[PDB]
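Asker: Experimental structure and sequence below.
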Amino acid sequence: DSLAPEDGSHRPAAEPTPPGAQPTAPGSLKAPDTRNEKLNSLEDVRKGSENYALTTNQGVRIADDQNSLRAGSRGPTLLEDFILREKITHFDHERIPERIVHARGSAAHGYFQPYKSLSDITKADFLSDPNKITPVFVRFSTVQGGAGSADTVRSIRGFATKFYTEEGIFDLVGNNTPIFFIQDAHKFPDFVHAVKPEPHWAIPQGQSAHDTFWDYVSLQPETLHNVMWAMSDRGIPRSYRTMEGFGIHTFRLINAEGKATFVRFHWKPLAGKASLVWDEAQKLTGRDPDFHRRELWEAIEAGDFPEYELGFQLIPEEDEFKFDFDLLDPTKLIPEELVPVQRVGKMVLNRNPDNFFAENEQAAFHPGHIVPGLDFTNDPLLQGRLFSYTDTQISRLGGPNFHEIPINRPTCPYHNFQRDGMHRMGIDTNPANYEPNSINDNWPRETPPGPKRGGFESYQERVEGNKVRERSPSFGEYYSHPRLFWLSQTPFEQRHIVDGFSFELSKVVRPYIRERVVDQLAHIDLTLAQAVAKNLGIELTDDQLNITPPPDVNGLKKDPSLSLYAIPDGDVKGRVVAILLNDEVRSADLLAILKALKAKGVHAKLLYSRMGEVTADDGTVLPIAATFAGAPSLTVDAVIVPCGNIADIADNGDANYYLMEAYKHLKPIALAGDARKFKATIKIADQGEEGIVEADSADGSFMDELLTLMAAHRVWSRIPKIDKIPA
Amino acid sequence: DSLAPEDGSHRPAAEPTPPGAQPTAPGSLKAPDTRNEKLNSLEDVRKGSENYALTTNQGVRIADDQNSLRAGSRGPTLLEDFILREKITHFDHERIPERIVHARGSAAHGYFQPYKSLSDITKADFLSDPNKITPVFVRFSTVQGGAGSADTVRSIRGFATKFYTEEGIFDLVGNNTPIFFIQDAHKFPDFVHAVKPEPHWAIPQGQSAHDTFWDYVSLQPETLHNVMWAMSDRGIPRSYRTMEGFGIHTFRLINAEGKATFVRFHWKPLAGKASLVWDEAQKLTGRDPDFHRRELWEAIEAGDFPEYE
Amino acid sequence: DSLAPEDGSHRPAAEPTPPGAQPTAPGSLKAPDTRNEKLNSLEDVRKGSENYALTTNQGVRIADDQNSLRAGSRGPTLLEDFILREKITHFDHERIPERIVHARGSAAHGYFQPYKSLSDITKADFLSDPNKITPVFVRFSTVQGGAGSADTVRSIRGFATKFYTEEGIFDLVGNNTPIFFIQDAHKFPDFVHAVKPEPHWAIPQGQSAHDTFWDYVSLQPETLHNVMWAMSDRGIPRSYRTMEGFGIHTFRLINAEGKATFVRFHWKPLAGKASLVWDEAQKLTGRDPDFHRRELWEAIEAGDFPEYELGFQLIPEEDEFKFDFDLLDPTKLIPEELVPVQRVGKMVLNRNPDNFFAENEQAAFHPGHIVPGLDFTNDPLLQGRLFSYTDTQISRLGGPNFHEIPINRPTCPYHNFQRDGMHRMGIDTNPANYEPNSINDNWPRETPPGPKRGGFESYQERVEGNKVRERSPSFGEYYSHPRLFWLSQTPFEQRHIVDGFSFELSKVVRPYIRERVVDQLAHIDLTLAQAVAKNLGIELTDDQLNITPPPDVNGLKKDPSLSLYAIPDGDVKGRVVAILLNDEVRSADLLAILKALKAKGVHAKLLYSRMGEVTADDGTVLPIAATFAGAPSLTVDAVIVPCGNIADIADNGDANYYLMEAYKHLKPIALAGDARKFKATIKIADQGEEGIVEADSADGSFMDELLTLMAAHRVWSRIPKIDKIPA
Amino acid sequence: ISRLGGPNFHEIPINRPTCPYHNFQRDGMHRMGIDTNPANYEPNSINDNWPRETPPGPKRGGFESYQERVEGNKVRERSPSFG
Ligand code: HEM
Ligand code: HEM
Ligand code: HEM
């Protein structure tokens, strides 16, 4: 053979490259020198290919991999074809059950390091020294949809981190919003069945916009806080890099003296917080159902590593009852104004997996996987989680040895008396499989709890009460946090929330369900309630207009850390700009353009009405990455149109649509020279409009303007003007 | 309890209604008078719900389905809470492996009847008498995507029919195009791996528009015929009702005298043939990823029964 | 804790030691220096224990492995105890389905080496050079019984060898008899269901002595050949080391020139052929259900490595139709008098596993696993087998990745485009998962067939005929092979066969089934049929008495290779003798006895009426291995009673019974000095009798006489004398 | 769950209750029972919340655990009275 092109263009370069410059590849092939302890210990199961013969799984070389064995060349296939049968059998058994929830997700390897030793508050070894590096494997996800569902759905997002520490795996299994929808794990199946596809016909996929979700929510007001977050732009993240992460539950840090400190875990995006707008997210589910998964992969291949800061909200044991909400109540957030997040470390995601199925599909995270230094609390949602993840993994990964699947193995020692189980890899030589034993001198042996390298001992919390199936009365308050969240949003964030509720409830077929939801909103905030009501053609009653608003939270009437955008934190590095080409581009605009983007780490995609290449005024040959229809404005953060021969694209319906879409979706648009004729398509005044960069040519002032707009992410002052754009 | 609205607008009318008029429902509640032999024999396993107490799977009545058992109302959950563990355990084990191919599909019950006896060419009992009616169960599907992928992708479509005949189940497992991509079964795993999401990153979902697929096609010219079909509007049917169906392979019919006749199986849409245009199909994967499943369900609920010859 | 004895006696020495001398142990601790390529490649999954901390599977050290977490020391167990839950969860899921047939088996590691290149007849790499060593893993088994059934039942034995060749795994899956019960694989479920426990009550375990088996046999005369073998002493082998092994089916050897030669595979036991007698075997199923497993393991711990010679019956393509029987009929043997077994190589089993579950229980052998140089034939039983092993392994071993379980992995390279599946360990880096591809330059690639290291290509056998479900008329002959077998047996063997059928038919409750089997025996041989009928109180009719005997097989009226004992082949090394002590043994006798046994590699077990020690006449302290009742005569090959204070045990019922049982089961007995007072117990004349060694002391020829008797295995001449005797 | 292949082991004939069993558990490997309830969750309004919880009582009542008093710290400890 030799099917590869002689020029070597089938293989991507093993160096950082921008999105779309090269074919993506397995991490170890794309960045062979990006290493960490976990990645290196996976080297025993990694399998190459180049220069090897094709074989059965028993090692027998195959001569003809194109044909079954038959009696005559037009005869019947023969039972003795063991090569065909092994190949089809393995193929026939490829699939395993997807995750019950969070089936759709994207993962990467990276590392964690603390900013300082935290031994005063925890004896956790991975937190003990700023020079201790811990390998991580992180999986981001949606909740409801199948493994084949779309990424940019409206949804809570999962954010799970497996820390491979020297004293055990610690999995921090969180989401992108600080609370959950429900209080007690006993209701998880009910909730999840309500949000998932309805059982008669299994519709709708990956959406909460259906009758059973809003029915459950209308009947269970504890859900309203997380529903608020889901209806906000938090439920449609621009990227997994630009969203927050939260453990949700209050846990415990145990120091070496044995002091317990209540803690809530936080991941702060160093790229900043950024979300899509609903019409763009929903259209993206059809043009690129893999958008987030692709963006993650290509940000890492480009060297735009996703980086997050680990943060702790720390509350002393004596302050347990100092708030006006229960700290164990998972539908309640701890406002950063009351208890600040202490920046404790940084996590960097810097290498993709080699095989999606082996590493991401088979990875198993569990909140119950803790290490000495950490402990649980009585949070009734967390308590029930401790049982489920272990149970579900027995069938999802076929047995009790899922910790022997390479991605799941600890990198530290593990020795015990557990044996057998389906697909047992470990061959134990211990003469004993029980303890106490004398035949192996009682090894492996228990270890007393201690300051370092000690055995696990639970914090000795005092437990007093009767065995009861009862919700704590302290958990019975459902509207103050939703109200606090609502008042902390900017006006346009508020409007997005209203629009999220209105669009979802418009899809509820049974009108009484929408009315019961609006009634719940009336208990939160009347302006929110009226605005949703008005979109549903509902009139609030007399009684609903007089509902007394819930109390503030510990004196707070808002908290800007709950907004995505109130406090400017945007970052342009890794964002992408679409450049609309023409057949004779002013090459001086392109150079100014590309030089400037490249200095801010912003990528570009050269678009035209056909593939191939175009030639600039000076004769520069410009390669086209995609067409206008093929890489729609939904996929980029901004649109730039350089001068040249605009008449080539001024009547291109796709070109005009590109700008109208980008305009509708509040993205920065820049028009150089004769590209200013596109102003009429998006009806921009002669004097201009904030959000639209326009100049005689593409100099440095023009690129600074555009890049300033990109750092502000979207042009929120344009909201009022997009009503009147048919797009 | 008093949860359903007093006006009864929670329950859909048990009668044929047009799309959007009533909330959709399980078939035996939506159309209780529709029957066939297969639907009747499923009766011993159907489970109701109205007026029954809530219980564990062992039949123990539950008093509080809102809470876990704990030591104090703010205490730790107890291991003895067998009601919680049974409920969460069953939830934990709800999934099964999706199909290797054609994981995304929509199905419906129906019946088949031959126009006339075919005993001169086949001794198949289900084709032996115009009065003999055979219950069927049919599943329509895409090929590449997972169970959670979108319906109106560009794809070949499966059309599988299970015939519950009096001499055995006959499954007629076809597609909506008259040929397949490949010639020998030994290459199936090669072709399917090439069409499926590439192995390093698992992109793209439900689409053939990516390098490995065209790579495979370009090296295996036998695939061009079905590729042509897939690139045409045949790849984006308007509805499972407006697409043809084919068994593709030449099979044999065997009569009572032992005479063999080569046969190729066909399904003709009595609603006629119709497809979307690409832009509309791709945008609909975004706006309504369940559009064909929904359209099939609603046509049946409306009485626009999908019909095929 | 530090529970071992300070003397270090909890630990067996890492050196060859006789059976019973030390506690047995995992192979790699008992013989660390016994290595081979496969044994070395498993080192990546072997797990130690000593000096390691006890942990969870996630690597978290455990402090208290004696207690659950509860709310108070007498309170309820908490759901948050994740250590308890992982520990119980793994335990709860330890079991996997047992093999459908051959569930009971015992296995060991070893190696194979050919005597000379066989390149002229086969291009199989493991047979091409006498210096080429192939690691093997072998499992011996019963057929019907569960994994927990007894070793010494009457039954065919499995003898499966996994050859880890440089060109792939080759599994040689045979039995201990040269034919099988049935001709076509479609009846395997019927035959197996008939021999297995009857469905209503699941009785009887591990035995063919019941109605459904004999019902099936009486309606399917194709089974008689293998039923004869099973009813003979072949069905109750003394040890897996003293039985023959056969591939049964005719396969093909393909040389580099493309020439096909027909072959039947044989294994010759270098320890010789030896079986138990029925009463002893049956009693041994109760006293020690693990006798074969134990003997195999202790033989290897003592250095008595089981050794077998691989032999080939070779038949040219031109002689396919030259026999009276069809070569492709698995119910027919190839008489060694017609086609000699050509010695090919030697297999030595020299190391036990470390963990029975991991290596033995999960080992997957498959007769379809062949390598270039071998090929199948149309034998219809073989043809269906090729489908079954692959299939059954998907459920028994949890998925299509069972080749990744350590014991099953090829030691040679394996690369292909198969992906995923449950429990996937291999992380593929190939950009391509399909071929032909250009993106990896088509790797891994197909390899043409050739003399060495080429791809597999099936032999181009001509196929011709119609698609039919039809038994070949050449297979319709059922009685001449059974007759040949019968006539080749010694007279005491024939009697044992008659006793086997008689006993088994006596457990058949429906008398007509017994009558029908008798009618079938009457088509084989009249003497056999009459003797069995007499034992059942059945009279043959005049017609049955006139059935004409089936023809000879190609002129043969007998073939001594078919007998276990017609041709002496006794080997004493590794046998074991019971020494019945008294409380003042003449140490002079003991010294003579022990030295002589040791000189021949014959083991001894010192027995007494209690455990502890006894002191010889000269003050030698003698350690007792077991009591008379605890290590019964069933477990030794011979019995020696030295002089001393015989009055100590003269009236010991167990001591007397011990001799009665050993005498009844035809074992050599030696009585020294006053030990001759035991002659009355077994009714021995004053003058003596062949099979009883007696002298004034254990000097001179006393040990040589006893060892000559051991070399002939049992005292067949004593049969008539045991008839009576109440034991 | 592994011995009997999934969570629907209560549907294997010998294991089935002879009394009524109704709840909102669904799916799982080898699911026999075909549920017609429009709802697979509670509380629900679309099936008027059936099947419903039943208060504890003298006969045919819902299960309620005996309210035993629990007092102690979280410990992995054998009671001294067991020694
Ligand atoms: C604070 C509330 C919760 C959060 C933040 C959370 C988060 C997550 C995340 C991030 C995943 C995906 C992990 C991965 O990427 O593999 C997941 C999966 C899962 N969750 Fe939770 N979850 C919560 C509540 C619950 C509850 C209450 C239960 C059941 C009592 C539960 C049961 C599961 C199960 C069974 C899975 C699938 C695990 C697997 O198959 O490996 N979750 N959850
Ligand atoms: C003439 C070409 C083919 C046609 C028309 C076809 C059609 C189909 C259809 C319609 C389904 C979905 C059945 C359902 O709705 O559940 C299906 C599934 C499947 N196909 Fe085929 N297919 C073809 C070729 C193949 C080949 C060559 C193989 C393997 C050699 C194969 C293996 C499978 C498997 C394993 C499934 C999943 C079945 C299950 O999990 O129940 N298909 N195919
Ligand atoms: C010449 C006739 C046969 C011989 C010599 C033979 C020999 C054996 C042996 C020695 C084993 C046990 C392997 C081990 O130790 O793991 C075995 C297992 C087995 N046999 Fe065969 N057998 C024969 C006929 C058949 C037939 C006709 C079938 C079905 C078509 C069959 C199906 C099986 C299966 C399913 C297993 C269990 C394997 C596993 O779970 O890995 N055998 N046989």
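Answerer: That came through, no problem. Numbers count the residues shown, from 1 in each chain, chains lettered A, B, ... in the order given. Ligands and ions are numbered 1, 2, ... in the order given.
Asker: Show me which residues of the stretch 451-600 of chain A are close to chain D?
Answerer: Selection of the stretch 451-600 of chain A residues close to chain D by CB under 8 Å from any CB of the partner chain yields A:457-469, A:510, A:512-513. Quick note: C-beta positions are derived from backbone N, CA and C, even for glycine.
Asker: quick one: which of those residues has the most company?
Answerer: For these, the largest neighbour count, defined by other CB atoms under 10 Å in any protein chain shown, is 27 neighbours, found at residue A:513.
Asker: three-state assignment of that one?
Answerer: helix (DSSP: H, G, I helix; E, B strand; the rest coil).
Asker: contacting residues for the nearest residue to residue A:401 once chain neighbours are set aside?
Answerer: Nearest residue to residue A:401 in three dimensions, chain neighbours excluded: residue A:421, at 4.7 Å (CB to CB, 6 or more residues apart in numbering or on different chains). Contacts for residue A:421 (CB atoms under 8 Å, 6 or more residues apart in numbering or on different chains) come out as A:399-401, C:90, C:93-94, C:96.
Asker: now do 6 Å
Answerer: Residues in contact with residue A:421 (CB atoms under 6 Å, 6 or more residues apart in numbering or on different chains) are A:399-401, C:93-94.
Asker: Please apply the same query to residue A:500.
Answerer: Applying CB under 6 Å, 6+ apart, we find residue A:500 in contact with residue A:231.
Asker: got the phi/psi numbers for it?
Answerer: phi -60, psi -50 (degrees, to the nearest 10).
Asker: now swap in residue A:527 and tell me
Answerer: The phi/psi pair for residue A:527 (degrees, to the nearest 10) is phi -70, psi -40.
Asker: Number of residues surrounding it?
Answerer: 13.
Asker: again, but for residue A:555
Answerer: Taking other CB under 10 Å as the criterion, the count of residues near residue A:555 is 9.
Asker: swap in residue A:251?
Answerer: Residue A:251 has 21 nearby residues by other CB under 10 Å.
Asker: got it, and the one 4 residues further on?
Answerer: Here the number of neighbours of residue A:255 (other CB under 10 Å) works out to 17.
Asker: residues contacting it?
Answerer: Taking CB under 6 Å, 6+ apart, we find residue A:255 in contact with A:121-123.
Asker: Endpoint to endpoint, stretch A:447-458 covers what distance?
Answerer: 14 Å (CA to CA, to the nearest Å).
Asker: near chain C at all, that stretch?
Answerer: Yes. Applying CB under 6 Å from any CB of the partner chain, one finds stretch A:447-458 in contact with chain C at A:447-449, A:455-458.
Asker: Among those, which ones are in strands?
Answerer: Taking DSSP state E, every one of the residues of stretch A:447-458 next to chain C sits outside strands.
Asker: closest to chain B among those residues?
Answerer: Comparing these against chain B with CB to the nearest CB places residue A:458 closest, at 10.0 Å.
Asker: which residues sit in contact with the closest one?
Answerer: C:69, D:74.
Asker: Mind splitting chain A into its structural domains?
Answerer: Split into domains by curated CATH domains, chain A comes to A:25-410, A:470-573, A:574-727.
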